[PDB]
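Heads up, the thing below is written out as structure tokens.
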Amino acid sequence: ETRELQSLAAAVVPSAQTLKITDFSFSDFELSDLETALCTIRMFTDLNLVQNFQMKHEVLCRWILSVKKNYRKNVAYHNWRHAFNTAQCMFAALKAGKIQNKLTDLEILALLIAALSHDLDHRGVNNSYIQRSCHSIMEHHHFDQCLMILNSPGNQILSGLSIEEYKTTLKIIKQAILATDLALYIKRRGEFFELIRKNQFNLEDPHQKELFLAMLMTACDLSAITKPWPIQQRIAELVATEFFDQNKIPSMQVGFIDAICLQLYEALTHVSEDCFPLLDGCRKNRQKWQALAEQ
Ligand SMILES: COc1ccc(CNc2nc(N(CCO)CCO)nc3c2[nH]c(=O)n3C(C)C)cc1
Ligand SMILES: [Mg+2]
Ligand SMILES: [Zn+2]
């Protein structure tokens with residue numbers, strides 16, 4: 001064992017209220033790497049995943065450290081912090097958004113794992129090493145890294161599942177990670193929006209449920225656009241660093257919000273009214289970006 005593992009396994013995990021992971025406005029700027037690992041343990045714990053699937057504490061701790069280690073720190077935005085924030089928004093949407101009651105335990109377990117793993121080994125939007133070595137090539141690589149870690153010795157947090165549970169969970173994880181491809185979201189959101197605008201959305205149908213899981217993953221993947229203005233400004237700076245280094249930014253932000261985010265969080269609010277803080281935060285950021293664009 002390394003020094004990081006023994007220090008994390010021996011630490012006391014604060015409650016979800018103390019860690020503020022239940023709030024949609026949560027931010028990680030003030031947290032250290034160890035602190036995000038403890039927040040991740042609390043997410044598994046408070047979703048009853050450690051109990052319902054007999055996860056050993058040292059296995060979950062090693063799995064979290066494996067996931068974090070397989071994100072690249074040199075990447076300005078697509079790193080562990082982005083994955084950690086995607087999972088936190090998933091936790092908040094399940095808890096504060098009351099989506100947890102609409103899903104099964106296996107679905108929740110898969111969503112949390114997928115949210116943390118959905119961008120593993122990302123190299124930046126401008127690096128083509130993965131693609132050089134139908135166009136969901138990056139997301140297939142991310143799931144491949146996720147499956148590799150889940151099968152590594154000491155990291156098998158799904159060992160407590162039966163083959164039927166294990167294969168069902170693996171299938172949901174794969175679909176959830178593949179759903180984080182924006183091309184897939186654009187191709188499929190039309191059916192989701194058409195169902196919602198006719199009061200025809202029903203979660204009991206297996207096809208609509210899998211579509212809801214895909215939209216939920218995108219909503220968490222993009223959730224930085226919903227954060228309080230000081231936080232959203234900071235993350236937008238990280239994104240601009242990845243897009244460029246590795247004056248039209250305000251107008252591009254408004255276009256991104258209009259074309260992608262606004263309708264998604266509106267539809268999510270229709271499924272669960274308690275997810276309104278995400279839609280509200282997205283509207284407030286459109287205000288601040290539009291005012292900067294008019295300047
Ligand atoms: C070079 O500077 C820029 C900066 C931003 C833009 C357009 N805005 C975007 N903003 C975000 N996020 C909002 C925070 O700001 C982060 C996630 O929510 N993601 C984006 C874009 N575009 C994209 O494809 N993505 C994907 C990575 C989803 C264009 C040029
Ligand atoms: Mg991704
Ligand atoms: Zn992502």
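Starting from 1 in every chain, residues are counted up; chains themselves are A, B, ... following the order of the structure tokens, and ligands are numbered from 1 as listed.
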| Env. residues ligand 2 / 10 Å / only C-alpha atoms and all ligand atoms / as an MDAnalysis selection string | chainID A and resid 78 82:83 115 117:122 124:125 136 138:139 142 177:182 218 221:222
Can you write out the residues you just picked, keeping C-alpha atoms, as a compact mmCIF listing (two decimals), in the first residue's frame?
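Ended up saving to again-v3.txt:
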```txt
# COMPACT_ATOMS: atom_id res chain seq x y z
CA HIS A 78 -11.03 17.19 -18.46
CA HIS A 82 -14.39 17.58 -13.58
CA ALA A 83 -15.21 13.91 -12.97
CA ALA A 115 -20.13 9.77 -13.61
CA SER A 117 -15.29 7.28 -14.85
CA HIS A 118 -16.95 8.90 -17.88
CA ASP A 119 -13.82 10.86 -18.92
CA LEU A 120 -10.98 8.58 -17.76
CA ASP A 121 -7.59 9.11 -19.44
CA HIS A 122 -8.79 12.22 -21.28
CA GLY A 124 -7.65 17.31 -23.88
CA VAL A 125 -10.01 18.28 -26.68
CA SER A 136 -17.81 7.69 -30.15
CA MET A 138 -13.28 8.70 -26.98
CA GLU A 139 -16.20 7.38 -24.92
CA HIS A 142 -13.23 5.93 -21.32
CA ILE A 177 -20.49 6.65 -20.45
CA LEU A 178 -21.33 6.45 -24.16
CA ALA A 179 -24.19 8.88 -23.52
CA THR A 180 -21.66 11.58 -22.55
CA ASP A 181 -20.83 11.94 -26.26
CA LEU A 182 -22.50 15.21 -27.22
CA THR A 218 -25.37 14.80 -19.98
CA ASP A 221 -21.54 16.30 -17.43
CA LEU A 222 -22.42 19.93 -18.26
```
| query | So which residues touch residue A:55 within 9 Å, counting only C-alpha atoms, skipping near sequence neighbours fewer than 5 positions away, as a VMD selection string? | reply | chain A and resid 49 to 50 60 156 to 160
For the residues in the current selection, export N, CA, C and O atoms as a JSON list (two decimals), in the first residue's frame.
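Contents of the output file out.json:
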```json
[["chain", "number", "residue", "atom", "x", "y", "z"],
["A", 49, "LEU", "N", -24.91, 2.42, -1.20],
["A", 49, "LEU", "CA", -24.25, 1.50, -2.11],
["A", 49, "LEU", "C", -23.24, 0.61, -1.40],
["A", 49, "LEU", "O", -23.04, -0.54, -1.79],
["A", 50, "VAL", "N", -22.58, 1.13, -0.35],
["A", 50, "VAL", "CA", -21.65, 0.31, 0.42],
["A", 50, "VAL", "C", -22.40, -0.80, 1.15],
["A", 50, "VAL", "O", -21.91, -1.93, 1.26],
["A", 60, "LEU", "N", -13.09, 0.05, -1.88],
["A", 60, "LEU", "CA", -13.64, 1.31, -2.38],
["A", 60, "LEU", "C", -12.59, 2.42, -2.37],
["A", 60, "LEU", "O", -12.49, 3.20, -3.32],
["A", 156, "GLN", "N", -12.16, -4.23, -6.99],
["A", 156, "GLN", "CA", -13.38, -4.82, -7.53],
["A", 156, "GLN", "C", -14.56, -4.51, -6.62],
["A", 156, "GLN", "O", -15.04, -5.34, -5.85],
["A", 157, "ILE", "N", -15.06, -3.27, -6.73],
["A", 157, "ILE", "CA", -16.17, -2.83, -5.90],
["A", 157, "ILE", "C", -17.50, -3.47, -6.29],
["A", 157, "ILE", "O", -18.49, -3.28, -5.58],
["A", 158, "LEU", "N", -17.55, -4.19, -7.41],
["A", 158, "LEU", "CA", -18.74, -4.91, -7.82],
["A", 158, "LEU", "C", -18.67, -6.40, -7.50],
["A", 158, "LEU", "O", -19.56, -7.16, -7.91],
["A", 159, "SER", "N", -17.65, -6.83, -6.76],
["A", 159, "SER", "CA", -17.48, -8.25, -6.46],
["A", 159, "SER", "C", -18.67, -8.82, -5.70],
["A", 159, "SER", "O", -18.97, -10.01, -5.82],
["A", 160, "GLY", "N", -19.36, -7.99, -4.92],
["A", 160, "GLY", "CA", -20.52, -8.44, -4.18],
["A", 160, "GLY", "C", -21.76, -8.68, -5.01],
["A", 160, "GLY", "O", -22.78, -9.12, -4.47]]
```
| field | Nearest residue to residue A:290 from the set A:16, A:257, A:173, A:146 (distances using only C-alpha atoms) | value |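 Using only C-alpha atoms, residue A:290 sits closest to A:257.
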| Long-range neighbours of stretch 211-213 of chain A as a ChimeraX atom specification, 10 Å cut-off, only C-alpha atoms, 5 positions minimum in chain | /A:103,107-108,111,172,175-176,179,185,188-189,191-192,201-203,206,218-219,268,271
| task | Would you mind listing what lies within 7 Å of stretch 84-94 of chain A as an MDAnalysis selection string, with only C-alpha atoms counted and same-chain residues fewer than 3 positions away left out? | result | chainID A and resid 21:24 43 80:81 97:100 112 115:116 220:221 223 275
Please write the residues from the selection above to a file, keeping N, CA and C atoms, as a PDB file, in the first residue's frame.
```pdb
ATOM      1  N   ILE A  21     -22.069  18.325  -0.209  1.00  0.00           N
ATOM      2  CA  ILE A  21     -22.244  17.642  -1.487  1.00  0.00           C
ATOM      3  C   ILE A  21     -23.703  17.495  -1.886  1.00  0.00           C
ATOM      4  N   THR A  22     -24.637  17.851  -1.005  1.00  0.00           N
ATOM      5  CA  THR A  22     -26.055  17.805  -1.332  1.00  0.00           C
ATOM      6  C   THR A  22     -26.548  19.060  -2.044  1.00  0.00           C
ATOM      7  N   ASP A  23     -25.715  20.090  -2.165  1.00  0.00           N
ATOM      8  CA  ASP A  23     -26.119  21.363  -2.748  1.00  0.00           C
ATOM      9  C   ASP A  23     -25.735  21.423  -4.220  1.00  0.00           C
ATOM     10  N   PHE A  24     -26.640  21.967  -5.037  1.00  0.00           N
ATOM     11  CA  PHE A  24     -26.367  22.110  -6.461  1.00  0.00           C
ATOM     12  C   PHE A  24     -25.293  23.152  -6.745  1.00  0.00           C
ATOM     13  N   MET A  43     -20.532   9.833  -0.900  1.00  0.00           N
ATOM     14  CA  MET A  43     -21.551   9.669  -1.933  1.00  0.00           C
ATOM     15  C   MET A  43     -21.995   8.215  -2.030  1.00  0.00           C
ATOM     16  N   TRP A  80      -9.613  14.976 -13.039  1.00  0.00           N
ATOM     17  CA  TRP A  80     -10.347  14.348 -11.945  1.00  0.00           C
ATOM     18  C   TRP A  80     -11.385  15.293 -11.347  1.00  0.00           C
ATOM     19  N   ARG A  81     -11.047  16.580 -11.218  1.00  0.00           N
ATOM     20  CA  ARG A  81     -11.983  17.536 -10.630  1.00  0.00           C
ATOM     21  C   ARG A  81     -13.279  17.612 -11.430  1.00  0.00           C
ATOM     22  N   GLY A  97     -32.508  16.479  -5.715  1.00  0.00           N
ATOM     23  CA  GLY A  97     -33.431  16.439  -6.834  1.00  0.00           C
ATOM     24  C   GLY A  97     -34.474  15.344  -6.768  1.00  0.00           C
ATOM     25  N   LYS A  98     -34.373  14.448  -5.781  1.00  0.00           N
ATOM     26  CA  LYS A  98     -35.362  13.395  -5.538  1.00  0.00           C
ATOM     27  C   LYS A  98     -35.494  12.437  -6.722  1.00  0.00           C
ATOM     28  N   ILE A  99     -34.443  12.328  -7.536  1.00  0.00           N
ATOM     29  CA  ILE A  99     -34.438  11.352  -8.620  1.00  0.00           C
ATOM     30  C   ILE A  99     -34.153   9.947  -8.100  1.00  0.00           C
ATOM     31  N   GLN A 100     -33.565   9.836  -6.906  1.00  0.00           N
ATOM     32  CA  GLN A 100     -33.189   8.534  -6.359  1.00  0.00           C
ATOM     33  C   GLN A 100     -34.384   7.594  -6.266  1.00  0.00           C
ATOM     34  N   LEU A 112     -23.401   6.453 -10.611  1.00  0.00           N
ATOM     35  CA  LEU A 112     -22.320   7.031  -9.822  1.00  0.00           C
ATOM     36  C   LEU A 112     -20.960   6.585 -10.339  1.00  0.00           C
ATOM     37  N   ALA A 115     -20.432   8.351 -13.768  1.00  0.00           N
ATOM     38  CA  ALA A 115     -20.127   9.771 -13.609  1.00  0.00           C
ATOM     39  C   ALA A 115     -18.667   9.988 -13.233  1.00  0.00           C
ATOM     40  N   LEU A 116     -18.129   9.142 -12.350  1.00  0.00           N
ATOM     41  CA  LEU A 116     -16.737   9.284 -11.936  1.00  0.00           C
ATOM     42  C   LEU A 116     -15.766   8.820 -13.013  1.00  0.00           C
ATOM     43  N   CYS A 220     -25.437  16.151 -15.854  1.00  0.00           N
ATOM     44  CA  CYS A 220     -24.365  16.207 -14.866  1.00  0.00           C
ATOM     45  C   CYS A 220     -23.037  16.566 -15.517  1.00  0.00           C
ATOM     46  N   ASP A 221     -22.782  16.019 -16.711  1.00  0.00           N
ATOM     47  CA  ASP A 221     -21.543  16.296 -17.434  1.00  0.00           C
ATOM     48  C   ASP A 221     -21.365  17.785 -17.699  1.00  0.00           C
ATOM     49  N   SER A 223     -22.868  20.274 -15.874  1.00  0.00           N
ATOM     50  CA  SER A 223     -23.439  20.992 -14.739  1.00  0.00           C
ATOM     51  C   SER A 223     -22.639  22.222 -14.321  1.00  0.00           C
ATOM     52  N   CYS A 275     -35.162  19.625  -9.271  1.00  0.00           N
ATOM     53  CA  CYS A 275     -33.966  19.923 -10.045  1.00  0.00           C
ATOM     54  C   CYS A 275     -33.982  21.336 -10.613  1.00  0.00           C
TER      55      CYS A 275
END
```
| said: For residue A:168, find every residue with an atom within 12 Å (counting only C-alpha atoms), except residues of its own chain fewer than 2 positions away, and show them as a PyMOL selection string. | reply: chain A and resi 104-107+109-110+158+161-166+170-175
The selected residues should be written to file as a CSV table (one decimal), in the first residue's frame (atoms: C-alpha atoms).
```csv
chain,number,residue,atom,x,y,z
A,104,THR,CA,-33.3,1.1,-8.8
A,105,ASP,CA,-30.2,0.5,-6.7
A,106,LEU,CA,-28.3,-1.0,-9.6
A,107,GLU,CA,-29.1,2.0,-11.8
A,109,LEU,CA,-24.7,2.3,-8.5
A,110,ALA,CA,-24.0,2.4,-12.3
A,158,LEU,CA,-18.7,-4.9,-7.8
A,161,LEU,CA,-22.9,-8.6,-7.2
A,162,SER,CA,-24.1,-11.7,-8.9
A,163,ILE,CA,-23.4,-12.3,-12.6
A,164,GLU,CA,-26.9,-11.2,-13.5
A,165,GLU,CA,-26.5,-8.0,-11.4
A,166,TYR,CA,-22.9,-7.6,-12.6
A,170,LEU,CA,-21.9,-3.2,-16.6
A,171,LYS,CA,-24.4,-2.6,-19.4
A,172,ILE,CA,-25.8,0.5,-17.8
A,173,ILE,CA,-22.3,1.8,-17.0
A,174,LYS,CA,-21.4,1.4,-20.7
A,175,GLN,CA,-24.5,3.2,-22.0
```
| remark: Across A:45, A:39, A:58, A:95, the smallest distance to residue A:7, with only C-alpha atoms counted, is shown by A:58
| From A:6, A:40, A:79, A:269, residue lying nearest ligand 3 [only C-alpha atoms and all ligand atoms] | A:79
| query | Just asking: which residues within stretch 55-122 of chain A are helix (DSSP H, G or I) according to DSSP, as a PyMOL selection string? | reply | chain A and resi 57-69+80-95+100-102+105-117
| query | Using only C-alpha atoms, which residues sit within 12 Å of residue A:245 once same-chain residues fewer than 2 positions away are excluded, as a PyMOL selection string? | reply | chain A and resi 74-77+124-127+237-243
Could you write those residues out with N, CA, C and O atoms, as a PDB file, in the first residue's frame?
```
ATOM      1  N   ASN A  74      -2.359  17.393 -16.049  1.00  0.00           N
ATOM      2  CA  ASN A  74      -1.935  18.425 -16.988  1.00  0.00           C
ATOM      3  C   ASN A  74      -3.075  18.918 -17.872  1.00  0.00           C
ATOM      4  O   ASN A  74      -2.943  19.977 -18.494  1.00  0.00           O
ATOM      5  N   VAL A  75      -4.180  18.184 -17.945  1.00  0.00           N
ATOM      6  CA  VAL A  75      -5.334  18.616 -18.728  1.00  0.00           C
ATOM      7  C   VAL A  75      -6.115  19.644 -17.922  1.00  0.00           C
ATOM      8  O   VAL A  75      -6.479  19.396 -16.766  1.00  0.00           O
ATOM      9  N   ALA A  76      -6.380  20.801 -18.534  1.00  0.00           N
ATOM     10  CA  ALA A  76      -6.882  21.945 -17.776  1.00  0.00           C
ATOM     11  C   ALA A  76      -8.290  21.704 -17.244  1.00  0.00           C
ATOM     12  O   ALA A  76      -8.594  22.073 -16.102  1.00  0.00           O
ATOM     13  N   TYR A  77      -9.164  21.098 -18.044  1.00  0.00           N
ATOM     14  CA  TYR A  77     -10.551  20.901 -17.635  1.00  0.00           C
ATOM     15  C   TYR A  77     -10.932  19.438 -17.494  1.00  0.00           C
ATOM     16  O   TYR A  77     -11.535  19.059 -16.483  1.00  0.00           O
ATOM     17  N   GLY A 124      -7.364  15.978 -23.390  1.00  0.00           N
ATOM     18  CA  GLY A 124      -7.647  17.310 -23.878  1.00  0.00           C
ATOM     19  C   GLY A 124      -8.351  17.262 -25.222  1.00  0.00           C
ATOM     20  O   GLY A 124      -8.134  16.357 -26.040  1.00  0.00           O
ATOM     21  N   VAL A 125      -9.210  18.256 -25.457  1.00  0.00           N
ATOM     22  CA  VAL A 125     -10.010  18.278 -26.675  1.00  0.00           C
ATOM     23  C   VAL A 125      -9.155  18.438 -27.928  1.00  0.00           C
ATOM     24  O   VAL A 125      -9.635  18.160 -29.032  1.00  0.00           O
ATOM     25  N   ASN A 126      -7.898  18.867 -27.792  1.00  0.00           N
ATOM     26  CA  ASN A 126      -7.036  19.138 -28.936  1.00  0.00           C
ATOM     27  C   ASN A 126      -5.919  18.113 -29.120  1.00  0.00           C
ATOM     28  O   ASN A 126      -5.054  18.316 -29.980  1.00  0.00           O
ATOM     29  N   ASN A 127      -5.900  17.030 -28.343  1.00  0.00           N
ATOM     30  CA  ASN A 127      -4.919  15.963 -28.525  1.00  0.00           C
ATOM     31  C   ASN A 127      -5.579  14.802 -29.256  1.00  0.00           C
ATOM     32  O   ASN A 127      -6.673  14.365 -28.883  1.00  0.00           O
ATOM     33  N   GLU A 237     -12.983  29.622 -17.609  1.00  0.00           N
ATOM     34  CA  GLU A 237     -11.579  29.924 -17.863  1.00  0.00           C
ATOM     35  C   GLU A 237     -10.767  28.648 -18.055  1.00  0.00           C
ATOM     36  O   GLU A 237      -9.874  28.596 -18.911  1.00  0.00           O
ATOM     37  N   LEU A 238     -11.062  27.606 -17.272  1.00  0.00           N
ATOM     38  CA  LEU A 238     -10.398  26.318 -17.464  1.00  0.00           C
ATOM     39  C   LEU A 238     -10.699  25.746 -18.843  1.00  0.00           C
ATOM     40  O   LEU A 238      -9.800  25.258 -19.537  1.00  0.00           O
ATOM     41  N   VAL A 239     -11.968  25.792 -19.253  1.00  0.00           N
ATOM     42  CA  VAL A 239     -12.362  25.278 -20.563  1.00  0.00           C
ATOM     43  C   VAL A 239     -11.647  26.041 -21.670  1.00  0.00           C
ATOM     44  O   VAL A 239     -11.114  25.444 -22.615  1.00  0.00           O
ATOM     45  N   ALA A 240     -11.618  27.374 -21.563  1.00  0.00           N
ATOM     46  CA  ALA A 240     -10.933  28.180 -22.569  1.00  0.00           C
ATOM     47  C   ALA A 240      -9.448  27.854 -22.629  1.00  0.00           C
ATOM     48  O   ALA A 240      -8.841  27.922 -23.705  1.00  0.00           O
ATOM     49  N   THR A 241      -8.844  27.504 -21.491  1.00  0.00           N
ATOM     50  CA  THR A 241      -7.443  27.098 -21.496  1.00  0.00           C
ATOM     51  C   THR A 241      -7.250  25.789 -22.253  1.00  0.00           C
ATOM     52  O   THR A 241      -6.303  25.649 -23.035  1.00  0.00           O
ATOM     53  N   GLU A 242      -8.143  24.819 -22.038  1.00  0.00           N
ATOM     54  CA  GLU A 242      -8.032  23.549 -22.745  1.00  0.00           C
ATOM     55  C   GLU A 242      -8.308  23.719 -24.235  1.00  0.00           C
ATOM     56  O   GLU A 242      -7.596  23.152 -25.072  1.00  0.00           O
ATOM     57  N   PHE A 243      -9.334  24.500 -24.583  1.00  0.00           N
ATOM     58  CA  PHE A 243      -9.675  24.702 -25.989  1.00  0.00           C
ATOM     59  C   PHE A 243      -8.544  25.396 -26.738  1.00  0.00           C
ATOM     60  O   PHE A 243      -8.252  25.057 -27.891  1.00  0.00           O
TER      61      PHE A 243
END
```
| query | residue A:280: which residues within 10 Å, counting only C-alpha atoms, same-chain residues fewer than 6 positions away excluded, as number ranges by chain? | reply | A: 226-227, 262, 265-266, 269, 286
Go ahead and write the residues just picked, N, CA and C atoms, as a PDB file, in the first residue's frame.
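The resulting result28.pdb:
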```pdb
ATOM      1  N   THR A 226     -24.315  25.574 -14.592  1.00  0.00           N
ATOM      2  CA  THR A 226     -25.364  25.915 -13.642  1.00  0.00           C
ATOM      3  C   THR A 226     -24.831  26.533 -12.357  1.00  0.00           C
ATOM      4  N   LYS A 227     -23.515  26.601 -12.188  1.00  0.00           N
ATOM      5  CA  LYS A 227     -22.910  27.000 -10.928  1.00  0.00           C
ATOM      6  C   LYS A 227     -23.032  28.506 -10.706  1.00  0.00           C
ATOM      7  N   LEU A 262     -29.978  24.794 -22.037  1.00  0.00           N
ATOM      8  CA  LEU A 262     -31.231  25.343 -21.523  1.00  0.00           C
ATOM      9  C   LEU A 262     -32.376  24.342 -21.637  1.00  0.00           C
ATOM     10  N   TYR A 265     -31.983  21.194 -19.103  1.00  0.00           N
ATOM     11  CA  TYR A 265     -32.343  21.416 -17.706  1.00  0.00           C
ATOM     12  C   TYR A 265     -33.818  21.763 -17.555  1.00  0.00           C
ATOM     13  N   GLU A 266     -34.428  22.340 -18.592  1.00  0.00           N
ATOM     14  CA  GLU A 266     -35.873  22.527 -18.581  1.00  0.00           C
ATOM     15  C   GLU A 266     -36.589  21.182 -18.561  1.00  0.00           C
ATOM     16  N   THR A 269     -36.250  19.519 -15.242  1.00  0.00           N
ATOM     17  CA  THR A 269     -37.152  20.105 -14.257  1.00  0.00           C
ATOM     18  C   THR A 269     -38.560  19.539 -14.385  1.00  0.00           C
ATOM     19  N   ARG A 286     -26.737  32.655 -18.089  1.00  0.00           N
ATOM     20  CA  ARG A 286     -27.021  33.222 -19.403  1.00  0.00           C
ATOM     21  C   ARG A 286     -27.178  34.734 -19.317  1.00  0.00           C
TER      22      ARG A 286
END
```
| message | Calculated over only C-alpha atoms, which of the candidates A:20, A:246, A:30, A:42 has the smallest distance to residue A:123? | response |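 Going through A:20, A:246, A:30, A:42 one by one, the smallest distance to residue A:123 is for A:246.
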| query | Can you tell me how far atom CA of residue A:209 sits from atom CA of residue A:272, in Å to one decimal? | reply |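 Here the two named atoms are 14.0 Å from each other.
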